[PDB]
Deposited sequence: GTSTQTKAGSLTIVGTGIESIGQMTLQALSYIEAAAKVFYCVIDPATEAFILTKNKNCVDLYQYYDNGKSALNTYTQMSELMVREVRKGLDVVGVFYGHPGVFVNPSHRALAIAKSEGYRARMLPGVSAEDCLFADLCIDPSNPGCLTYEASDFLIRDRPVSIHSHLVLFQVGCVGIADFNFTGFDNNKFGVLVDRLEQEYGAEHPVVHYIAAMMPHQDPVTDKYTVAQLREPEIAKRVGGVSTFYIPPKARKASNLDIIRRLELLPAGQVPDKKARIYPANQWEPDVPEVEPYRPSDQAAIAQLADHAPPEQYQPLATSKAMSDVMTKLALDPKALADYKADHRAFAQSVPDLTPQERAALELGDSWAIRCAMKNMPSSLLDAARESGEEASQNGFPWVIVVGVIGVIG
């Protein structure tokens, strides 16, 4: 209703490639773009996509508090929203993951009654999972800012993943163009030694920022982090991953109340699904091809899709319109204003496809796009993860 909007989007971590299709489309559509990114290829790429961009990075300065910079960054965006423009703010990675000015600007915009939305992006933690070959679900994940971790004495779990952002700037309030002197780093190492022990592994992680670079995935002991040559390697794009120390056992009361037991059984805490976490100290080898695995693979020769499976059965015209709604913010806005009007103007849709667009309900769109078998409907069927 009110003129003016703020859409905050991400670029991902690795230059250009980790930007989402929707982030790109919003950058292109914006009246004005404000950006804070940390590699020039991504900056150059953004400038090719919109003629009215402002680099927010110029609002940092030596001995200028980060908070004054962030107040300024968010005010530059919100000023343009107040003038009635469709504004896009761009921050590297996920624009809401360890970022101050995005949240400020959106909350101000929202409080003054403008449309305000954050679009998710690929974070450094997303890259971490991908590059270190770990899954937050197994065995759970604790994520902290390193200074907050120390100052608020945040709990660790030795049975779960621990991820620490900003380990290169422990206790730092003021910006500096030649980087952080991280001489309170030893305080973090003290905490890690107390929680995990001197010989426990810490993985120093830096996601590749350019498409041809390898990630840094260097394992050190907690004690090695005290060596000057090693502590020097930790910088402003460094994250630590600390693997679990032990496997947590199962709670017999919950096992009973969930009915996961037929008489006596033995699914051990150390009996793991392949593959095991390679960073975790003293983890045994797990066999990828056990007899049960071999038997499942043997069944592939006789495989047919089951009766209840729903094959895709759509059309070029329907696929085109669903793609357009995802990749054209203008088309989406029109559809959102008037389902019926929009749906009538779409060429080459079948009566079912048109009807389904008119309603906009998930089931109608699903039936138009998937053949639902008879065996299924005599009862929206989803995959999960076993941990």
item	value
Deposited residues without C-alpha coordinates, grouped into stretches that follow sequence order	1-5, 385-394, 403-410
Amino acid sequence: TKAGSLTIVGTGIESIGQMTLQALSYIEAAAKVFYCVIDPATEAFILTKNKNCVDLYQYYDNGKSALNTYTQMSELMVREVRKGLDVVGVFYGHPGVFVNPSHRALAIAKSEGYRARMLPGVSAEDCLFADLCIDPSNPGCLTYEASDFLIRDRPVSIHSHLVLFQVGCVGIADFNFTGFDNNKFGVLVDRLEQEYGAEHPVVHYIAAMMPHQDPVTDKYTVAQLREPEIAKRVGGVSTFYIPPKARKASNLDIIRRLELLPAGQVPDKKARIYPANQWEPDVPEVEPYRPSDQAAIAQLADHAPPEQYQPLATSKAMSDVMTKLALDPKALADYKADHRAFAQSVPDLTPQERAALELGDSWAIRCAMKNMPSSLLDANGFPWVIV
From here on, numbers count along this sequence of modelled residues.
item: Between 36-44 and 350-358 (mean CA B-factor, as deposited), the higher; value: 350-358
item: Mean Cα B-factor comparison, 248-256 or 262-270, giving the higher one as deposited; value: 262-270
item: Highest-ranked of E125, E285, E75, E145 once sorted by CA temperature factor in the record; value: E285
item: Identity of residue with top Cα B-factor, from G121, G171, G89, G140; value: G171
item: Modelled-residue ranking by C-alpha temperature factor, third containing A313; value: middle
item: Cα B factor band for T239 (lowest, middle or highest third within the chain); value: lowest
item: Chain-wide C-alpha B factor ranking for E80, given as lowest, middle or highest third; value: middle
item: For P155, the third of its chain into which the C-alpha B factor falls; value: middle
item: Modelled-residue ranking by C-alpha temperature factor, third containing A130; value: lowest
